[PDB]
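Asker: Here's a structure for you.
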Amino acid sequence: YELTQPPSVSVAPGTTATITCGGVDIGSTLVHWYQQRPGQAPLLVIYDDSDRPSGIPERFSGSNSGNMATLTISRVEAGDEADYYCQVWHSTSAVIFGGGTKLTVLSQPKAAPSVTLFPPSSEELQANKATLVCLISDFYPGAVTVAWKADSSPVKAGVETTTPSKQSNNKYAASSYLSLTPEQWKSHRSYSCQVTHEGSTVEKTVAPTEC
Amino acid sequence: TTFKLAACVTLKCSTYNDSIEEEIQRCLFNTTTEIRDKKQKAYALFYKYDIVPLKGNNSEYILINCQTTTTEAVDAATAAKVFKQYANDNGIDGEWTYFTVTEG
Amino acid sequence: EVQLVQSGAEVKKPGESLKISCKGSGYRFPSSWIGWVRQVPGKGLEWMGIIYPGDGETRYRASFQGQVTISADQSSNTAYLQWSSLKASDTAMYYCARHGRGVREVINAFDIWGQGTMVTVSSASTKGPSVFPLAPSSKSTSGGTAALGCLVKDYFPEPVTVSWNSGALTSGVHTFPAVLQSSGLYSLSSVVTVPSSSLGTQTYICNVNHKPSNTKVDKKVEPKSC
């Protein structure tokens, strides 16, 4: 039993934000919401769907319906930027957490990512190894998914992806490598790197027949 | 003779610090029957029992939320039948009186 | 304060067992579940297990069954998690959190959390980087601008330095953070953007320095010759 949380959420300061948690018949249970600041332990911000622990301001509201739970933030402050998770206790599966949703309070205009894909070098194939490189720079908000496709078939093994970091420009950078044997590279028509950012995917492709 | 029913639910809200009782409106309706049913079904899974009393820590009150519906019947006693049906359709089945359903 | 405190960070090698602890204060230990949750850096939360000390009851995750063990010392108000043999995949931050026992008075969720303990498993041995040139091409060029760079792979430990033409070049250079791969070895990429007209004459050179191995390497980034 899985929970479908959205990867990224971004809103301007002082405006109301919402965070969704999609479950099959999720209204028939109690959902809790946890806050985690980067580098710190989580914090219970909402339990029993609407209740608030002490020290949590009225700005945090919760709700739950048949197949969608929501967490609403009022009077948004720059201090509420962080990763938010939803959690339940399933009849069979015990504890389940949401994939996690990054919430960012905007300090600048949104910006799309600069995506560059690089095939393996010649000097690297003579060493019986191959690496595809997908580099993403200057994007904001700082949350992007990635996927790889070998000839339009997804691929998850051999992929190593960077946690986004704060570029000097107060913008974000990240990277993803894919490791292959020379033969796997030479035995596919193309390889495609899909970088998703704020509900917009960029698909960049390459091919062994490189020139 | 369009009859009436009174479906009542019980609750007890934790009094907020220095809050006008006019607040509890929310505290009252946020905790309807469906919520009580799924809260009981959810706590059961990780429920452990302990004699030690945790009930005596705070001050709170007990209240009731009742809602009313109406129906017309050509016959006098047939009404109840419909009620029961409708209850099973959208409401919890409490104890029945003459018409009043109580869950508490 | 109702608080939980977890043991200090630990770095181990695959195969060696390890036990970590979680000591709580300010409440009655046996009246609350203690859950253990895993978080690989840069990833979600992964619930591993939970223990009620009053009965000693334990409940694990399907996956984390054979790997880990959970114990509870009621006399010291302490919970313990243990591996008999460690792996690389277990490198992560581990959190212990209190959880109400199913009563209206208590909070029925993970209310109190611990600071966390980092567990790092890496057989990685000091190794020097291999440097490869990411050459530009049509798919690396859009409207005058064209990108190129260097890939540094299979080096340990951190850090390395990347410059371009002996630090002369500073405009259009992004040096990306390094990824910690499964092998415990790192890799990164340095990229630079430049006009396309220059690809022919201007020679671009990336300088990589990994002091751990005394490994200095300069690569020329030639445009692919088709």
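Naming scheme: A, B, ... for chains in displayed order of the structure tokens; residues 1 onward per chain; ligands 1 onward as shown.
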Just want the 10 Å neighbourhood of region 43-49 of chain C, counted on only C-alpha atoms, with same-chain residues fewer than 4 positions away dropped. Output as an MDAnalysis selection string.

Answerer: (chainID A and resid 42 83 85 87 94:101 163) or (chainID C and resid 34:39 58:65 68:70 81 92:96)

Asker: Could you save those same residues with N, CA and C atoms as a CSV table (one decimal), in the first residue's frame?

Answerer:
chain,number,residue,atom,x,y,z
A,42,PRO,N,12.7,14.9,12.6
A,42,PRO,CA,11.3,15.3,12.2
A,42,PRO,C,10.6,15.9,13.4
A,83,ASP,N,10.7,19.7,4.4
A,83,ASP,CA,10.1,18.5,3.8
A,83,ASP,C,9.0,18.0,4.7
A,85,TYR,N,6.0,15.0,5.3
A,85,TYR,CA,5.6,13.7,5.0
A,85,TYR,C,4.2,13.4,5.6
A,87,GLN,N,1.8,10.1,6.9
A,87,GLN,CA,2.0,8.8,7.5
A,87,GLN,C,0.6,8.2,8.0
A,94,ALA,N,1.3,-2.1,8.5
A,94,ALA,CA,1.8,-1.4,9.7
A,94,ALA,C,2.0,0.0,9.3
A,95,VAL,N,3.1,0.6,9.5
A,95,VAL,CA,3.4,2.1,9.2
A,95,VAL,C,3.9,2.3,7.7
A,96,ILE,N,3.3,3.3,7.1
A,96,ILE,CA,3.6,3.7,5.7
A,96,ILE,C,3.8,5.2,5.8
A,97,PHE,N,4.8,5.7,5.1
A,97,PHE,CA,5.1,7.1,5.0
A,97,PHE,C,4.9,7.6,3.6
A,98,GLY,N,4.4,8.8,3.4
A,98,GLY,CA,4.4,9.4,2.1
A,98,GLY,C,5.8,9.6,1.5
A,99,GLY,N,5.8,9.6,0.2
A,99,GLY,CA,7.1,9.8,-0.5
A,99,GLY,C,7.9,11.0,0.0
A,100,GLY,N,7.1,12.0,0.5
A,100,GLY,CA,7.7,13.3,0.9
A,100,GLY,C,7.5,14.3,-0.1
A,101,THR,N,7.2,15.5,0.4
A,101,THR,CA,6.9,16.7,-0.4
A,101,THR,C,7.7,17.9,0.1
A,163,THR,N,21.6,14.7,-4.5
A,163,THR,CA,20.7,15.5,-3.8
A,163,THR,C,20.9,17.0,-4.2
C,34,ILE,N,8.0,2.4,20.9
C,34,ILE,CA,9.2,3.0,20.4
C,34,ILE,C,9.5,2.5,19.0
C,35,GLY,N,9.5,3.4,18.1
C,35,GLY,CA,9.6,3.0,16.7
C,35,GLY,C,11.0,3.4,16.2
C,36,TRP,N,11.5,2.6,15.2
C,36,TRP,CA,12.8,2.9,14.6
C,36,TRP,C,12.6,3.1,13.1
C,37,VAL,N,13.1,4.2,12.6
C,37,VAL,CA,12.8,4.6,11.2
C,37,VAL,C,14.1,5.0,10.5
C,38,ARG,N,14.3,4.5,9.3
C,38,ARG,CA,15.5,4.7,8.5
C,38,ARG,C,15.3,5.7,7.4
C,39,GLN,N,16.4,6.5,7.1
C,39,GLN,CA,16.4,7.5,6.1
C,39,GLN,C,17.7,7.5,5.4
C,58,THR,N,7.3,-6.9,19.7
C,58,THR,CA,8.0,-6.3,18.6
C,58,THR,C,7.3,-6.6,17.3
C,59,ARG,N,7.4,-5.6,16.4
C,59,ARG,CA,6.8,-5.8,15.1
C,59,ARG,C,7.7,-5.1,14.1
C,60,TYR,N,8.1,-5.9,13.1
C,60,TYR,CA,9.1,-5.5,12.1
C,60,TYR,C,8.5,-5.3,10.8
C,61,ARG,N,9.3,-4.8,9.8
C,61,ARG,CA,8.9,-4.7,8.4
C,61,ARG,C,9.4,-6.0,7.7
C,62,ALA,N,8.5,-6.4,6.7
C,62,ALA,CA,8.9,-7.6,5.9
C,62,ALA,C,10.3,-7.6,5.6
C,63,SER,N,10.8,-6.5,5.0
C,63,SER,CA,12.2,-6.5,4.5
C,63,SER,C,13.2,-6.5,5.7
C,64,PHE,N,13.0,-5.6,6.7
C,64,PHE,CA,14.0,-5.5,7.7
C,64,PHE,C,13.9,-6.6,8.8
C,65,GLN,N,13.2,-7.7,8.5
C,65,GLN,CA,13.1,-8.8,9.4
C,65,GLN,C,14.5,-9.4,9.7
C,68,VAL,N,17.8,-6.9,11.2
C,68,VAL,CA,17.9,-6.2,12.4
C,68,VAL,C,17.2,-6.9,13.6
C,69,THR,N,17.4,-6.4,14.8
C,69,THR,CA,16.9,-6.9,16.0
C,69,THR,C,16.6,-5.7,16.9
C,70,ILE,N,15.5,-5.7,17.7
C,70,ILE,CA,15.1,-4.6,18.5
C,70,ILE,C,15.0,-5.2,20.0
C,81,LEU,N,18.6,-1.0,18.9
C,81,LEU,CA,18.5,-1.7,17.5
C,81,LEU,C,19.9,-2.2,17.2
C,92,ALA,N,22.8,5.0,6.6
C,92,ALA,CA,21.7,6.0,6.6
C,92,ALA,C,21.7,6.7,8.0
C,93,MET,N,20.7,7.6,8.1
C,93,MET,CA,20.3,8.2,9.4
C,93,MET,C,19.2,7.4,10.0
C,94,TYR,N,19.3,7.0,11.3
C,94,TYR,CA,18.3,6.2,12.0
C,94,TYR,C,17.7,7.1,13.1
C,95,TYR,N,16.4,7.1,13.2
C,95,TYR,CA,15.6,7.9,14.1
C,95,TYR,C,14.8,6.9,15.0
C,96,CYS,N,14.7,7.2,16.3
C,96,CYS,CA,13.8,6.6,17.2
C,96,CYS,C,12.8,7.6,17.7

Asker: If we count only C-alpha atoms, what is near region 115-126 of chain C at a cut-off of 9 Å, once residues fewer than 2 positions away on the same chain are taken out, given as a ChimeraX atom specification?

Answerer: /A:40-42 /C:4-14,20,86-96,113,128,155-157,182-185,212-213

Asker: Might you pull out every residue within 9 Å of residue 31 (chain C), with only C-alpha atoms counted and same-chain residues fewer than 6 positions away left off, and present them as number ranges by chain?

Answerer: B: 48-50; C: 52-54, 100-101

Asker: Got a sec to pull out which chain B residues are within 9 Å of chain C, counting only C-alpha atoms, and send them as a PyMOL selection string?

Answerer: chain B and resi 40+42-50+54-55+57

Asker: Those same residues, written as a PDB file, in the first residue's frame with N, CA and C atoms?

Answerer:
ATOM      1  N   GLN B  40     -11.662   4.731  16.191  1.00  0.00           N
ATOM      2  CA  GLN B  40     -11.686   3.474  16.930  1.00  0.00           C
ATOM      3  C   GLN B  40     -11.057   2.348  16.116  1.00  0.00           C
ATOM      4  N   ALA B  42      -8.739   2.603  13.939  1.00  0.00           N
ATOM      5  CA  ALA B  42      -7.307   2.826  13.778  1.00  0.00           C
ATOM      6  C   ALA B  42      -6.524   2.614  15.068  1.00  0.00           C
ATOM      7  N   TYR B  43      -7.050   3.065  16.213  1.00  0.00           N
ATOM      8  CA  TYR B  43      -6.319   2.859  17.459  1.00  0.00           C
ATOM      9  C   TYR B  43      -6.207   1.375  17.804  1.00  0.00           C
ATOM     10  N   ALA B  44      -7.215   0.572  17.445  1.00  0.00           N
ATOM     11  CA  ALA B  44      -7.207  -0.841  17.812  1.00  0.00           C
ATOM     12  C   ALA B  44      -5.907  -1.532  17.418  1.00  0.00           C
ATOM     13  N   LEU B  45      -5.266  -1.081  16.335  1.00  0.00           N
ATOM     14  CA  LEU B  45      -4.133  -1.821  15.785  1.00  0.00           C
ATOM     15  C   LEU B  45      -2.907  -1.745  16.684  1.00  0.00           C
ATOM     16  N   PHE B  46      -2.631  -0.575  17.257  1.00  0.00           N
ATOM     17  CA  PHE B  46      -1.483  -0.395  18.135  1.00  0.00           C
ATOM     18  C   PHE B  46      -1.932  -0.142  19.570  1.00  0.00           C
ATOM     19  N   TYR B  47      -3.107  -0.645  19.933  1.00  0.00           N
ATOM     20  CA  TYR B  47      -3.651  -0.404  21.259  1.00  0.00           C
ATOM     21  C   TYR B  47      -2.988  -1.314  22.284  1.00  0.00           C
ATOM     22  N   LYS B  48      -2.522  -0.715  23.377  1.00  0.00           N
ATOM     23  CA  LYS B  48      -2.077  -1.451  24.551  1.00  0.00           C
ATOM     24  C   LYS B  48      -2.800  -0.903  25.772  1.00  0.00           C
ATOM     25  N   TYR B  49      -3.090  -1.785  26.718  1.00  0.00           N
ATOM     26  CA  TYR B  49      -3.848  -1.424  27.906  1.00  0.00           C
ATOM     27  C   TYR B  49      -2.920  -1.220  29.099  1.00  0.00           C
ATOM     28  N   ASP B  50      -3.259  -0.243  29.942  1.00  0.00           N
ATOM     29  CA  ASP B  50      -2.513   0.012  31.167  1.00  0.00           C
ATOM     30  C   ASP B  50      -3.468   0.556  32.219  1.00  0.00           C
ATOM     31  N   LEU B  54      -4.714   7.997  32.987  1.00  0.00           N
ATOM     32  CA  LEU B  54      -4.302   9.218  32.314  1.00  0.00           C
ATOM     33  C   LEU B  54      -5.457  10.192  32.117  1.00  0.00           C
ATOM     34  N   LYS B  55      -6.650   9.864  32.620  1.00  0.00           N
ATOM     35  CA  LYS B  55      -7.828  10.692  32.398  1.00  0.00           C
ATOM     36  C   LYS B  55      -7.901  11.894  33.326  1.00  0.00           C
ATOM     37  N   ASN B  57      -5.828  14.307  34.104  1.00  0.00           N
ATOM     38  CA  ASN B  57      -4.808  15.332  33.917  1.00  0.00           C
ATOM     39  C   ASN B  57      -5.379  16.698  33.557  1.00  0.00           C
TER      40      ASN B  57
END

Asker: Among chain B, which residues does DSSP mark as alpha helix (DSSP H) when it is run on the backbone? Keep the chain and numbering as in the structure and answer as an mmCIF file with N, CA and C atoms, in the first residue's frame.

Answerer:
data_model
loop_
_atom_site.group_PDB
_atom_site.id
_atom_site.type_symbol
_atom_site.label_atom_id
_atom_site.label_comp_id
_atom_site.auth_asym_id
_atom_site.auth_seq_id
_atom_site.Cartn_x
_atom_site.Cartn_y
_atom_site.Cartn_z
ATOM 1 N N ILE B 24 -16.060 26.269 20.389
ATOM 2 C CA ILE B 24 -16.208 24.820 20.378
ATOM 3 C C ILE B 24 -17.093 24.352 19.234
ATOM 4 N N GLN B 25 -17.894 25.262 18.665
ATOM 5 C CA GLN B 25 -18.620 24.958 17.438
ATOM 6 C C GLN B 25 -17.744 24.092 16.540
ATOM 7 N N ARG B 26 -16.593 24.632 16.144
ATOM 8 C CA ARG B 26 -15.641 23.863 15.353
ATOM 9 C C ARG B 26 -15.254 22.576 16.069
ATOM 10 N N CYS B 27 -14.720 22.697 17.288
ATOM 11 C CA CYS B 27 -14.354 21.515 18.061
ATOM 12 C C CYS B 27 -15.478 20.490 18.085
ATOM 13 N N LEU B 28 -16.727 20.937 17.936
ATOM 14 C CA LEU B 28 -17.852 20.014 17.973
ATOM 15 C C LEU B 28 -18.029 19.303 16.639
ATOM 16 N N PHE B 29 -18.009 20.049 15.534
ATOM 17 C CA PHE B 29 -18.332 19.443 14.250
ATOM 18 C C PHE B 29 -17.142 18.758 13.593
ATOM 19 N N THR B 33 -19.506 11.371 13.508
ATOM 20 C CA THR B 33 -19.531 9.928 13.741
ATOM 21 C C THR B 33 -18.449 9.226 12.931
ATOM 22 N N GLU B 34 -18.459 9.417 11.609
ATOM 23 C CA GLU B 34 -17.472 8.756 10.759
ATOM 24 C C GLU B 34 -16.072 8.865 11.342
ATOM 25 N N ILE B 35 -15.717 10.049 11.839
ATOM 26 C CA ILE B 35 -14.403 10.236 12.438
ATOM 27 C C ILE B 35 -14.243 9.332 13.654
ATOM 28 N N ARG B 36 -15.277 9.244 14.498
ATOM 29 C CA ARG B 36 -15.192 8.378 15.674
ATOM 30 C C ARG B 36 -15.011 6.914 15.268
ATOM 31 N N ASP B 37 -15.716 6.483 14.219
ATOM 32 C CA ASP B 37 -15.643 5.092 13.785
ATOM 33 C C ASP B 37 -14.249 4.760 13.267
ATOM 34 N N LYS B 38 -13.689 5.617 12.409
ATOM 35 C CA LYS B 38 -12.360 5.315 11.886
ATOM 36 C C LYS B 38 -11.266 5.534 12.930
ATOM 37 N N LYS B 39 -11.498 6.389 13.930
ATOM 38 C CA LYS B 39 -10.519 6.539 15.000
ATOM 39 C C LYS B 39 -10.491 5.301 15.893
ATOM 40 N N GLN B 40 -11.662 4.731 16.191
ATOM 41 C CA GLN B 40 -11.686 3.474 16.930
ATOM 42 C C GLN B 40 -11.057 2.348 16.116
ATOM 43 N N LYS B 41 -11.350 2.285 14.815
ATOM 44 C CA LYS B 41 -10.773 1.228 13.992
ATOM 45 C C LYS B 41 -9.269 1.387 13.797
ATOM 46 N N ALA B 42 -8.739 2.603 13.939
ATOM 47 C CA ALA B 42 -7.307 2.826 13.778
ATOM 48 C C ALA B 42 -6.524 2.614 15.068
ATOM 49 N N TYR B 43 -7.050 3.065 16.213
ATOM 50 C CA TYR B 43 -6.319 2.859 17.459
ATOM 51 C C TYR B 43 -6.207 1.375 17.804
ATOM 52 N N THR B 78 -45.656 3.073 9.231
ATOM 53 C CA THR B 78 -44.705 2.713 8.185
ATOM 54 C C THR B 78 -43.451 3.580 8.248
ATOM 55 N N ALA B 79 -43.590 4.823 8.713
ATOM 56 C CA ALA B 79 -42.474 5.762 8.726
ATOM 57 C C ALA B 79 -41.203 5.105 9.250
ATOM 58 N N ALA B 80 -41.278 4.533 10.454
ATOM 59 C CA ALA B 80 -40.097 3.958 11.090
ATOM 60 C C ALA B 80 -39.301 3.096 10.115
ATOM 61 N N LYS B 81 -39.986 2.225 9.372
ATOM 62 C CA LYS B 81 -39.287 1.349 8.438
ATOM 63 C C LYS B 81 -38.326 2.160 7.574
ATOM 64 N N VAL B 82 -38.872 3.122 6.826
ATOM 65 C CA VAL B 82 -38.046 4.006 6.009
ATOM 66 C C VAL B 82 -36.866 4.521 6.823
ATOM 67 N N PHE B 83 -37.150 5.115 7.989
ATOM 68 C CA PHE B 83 -36.082 5.629 8.841
ATOM 69 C C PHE B 83 -34.960 4.604 8.968
ATOM 70 N N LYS B 84 -35.280 3.417 9.506
ATOM 71 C CA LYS B 84 -34.246 2.408 9.722
ATOM 72 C C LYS B 84 -33.444 2.216 8.444
ATOM 73 N N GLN B 85 -34.137 1.968 7.329
ATOM 74 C CA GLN B 85 -33.457 1.832 6.047
ATOM 75 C C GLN B 85 -32.491 2.992 5.840
ATOM 76 N N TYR B 86 -33.027 4.214 5.831
ATOM 77 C CA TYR B 86 -32.200 5.395 5.614
ATOM 78 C C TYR B 86 -31.040 5.456 6.594
ATOM 79 N N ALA B 87 -31.279 5.103 7.857
ATOM 80 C CA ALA B 87 -30.185 5.088 8.820
ATOM 81 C C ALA B 87 -29.062 4.177 8.341
ATOM 82 N N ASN B 88 -29.395 2.916 8.043
ATOM 83 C CA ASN B 88 -28.406 1.987 7.517
ATOM 84 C C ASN B 88 -27.717 2.564 6.290
ATOM 85 N N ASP B 89 -28.459 3.328 5.484
ATOM 86 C CA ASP B 89 -27.936 3.927 4.228
ATOM 87 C C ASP B 89 -26.880 5.011 4.497
ATOM 88 N N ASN B 90 -27.138 5.964 5.403
ATOM 89 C CA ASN B 90 -26.187 7.083 5.668
ATOM 90 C C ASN B 90 -25.864 7.351 7.151
#

Asker: Would you give me, as a VMD selection string, the residues of chain A that come within 8 Å of chain B, using only C-alpha atoms?

Answerer: chain A and resid 28 to 30 48 89 91

Asker: Restricting the calculation to only C-alpha atoms, which member of B:19, B:13, B:101, B:7 is positioned closest to residue 69 (chain B)?

Answerer: B:7

Asker: Write out as a count of residues only the residues lying within 7 Å of residue 186 (chain C), counting only C-alpha atoms and excluding same-chain residues fewer than 6 positions away.

Answerer: 7

Asker: For chain C, which residue out of A:20, A:104, A:167, A:64 is the nearest one, using only C-alpha atoms?

Answerer: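 When distances to chain C are compared using only C-alpha atoms, the smallest one comes from A:167.
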
Asker: For residue 224 (chain C), list every protein, DNA or RNA residue within 12 Å, evaluated using only C-alpha atoms, and leave out those in the same chain fewer than 6 positions away; present the list as a ChimeraX atom specification.

Answerer: /A:119-123,210-211 /C:133-138,140,148,199-200

Asker: Quick one: residues within 9 Å of residue 215 (chain C), only C-alpha atoms counted, chain neighbours fewer than 6 positions away excluded, as JSON, numbers by chain?

Answerer: {"C": [128, 129, 208, 209]}
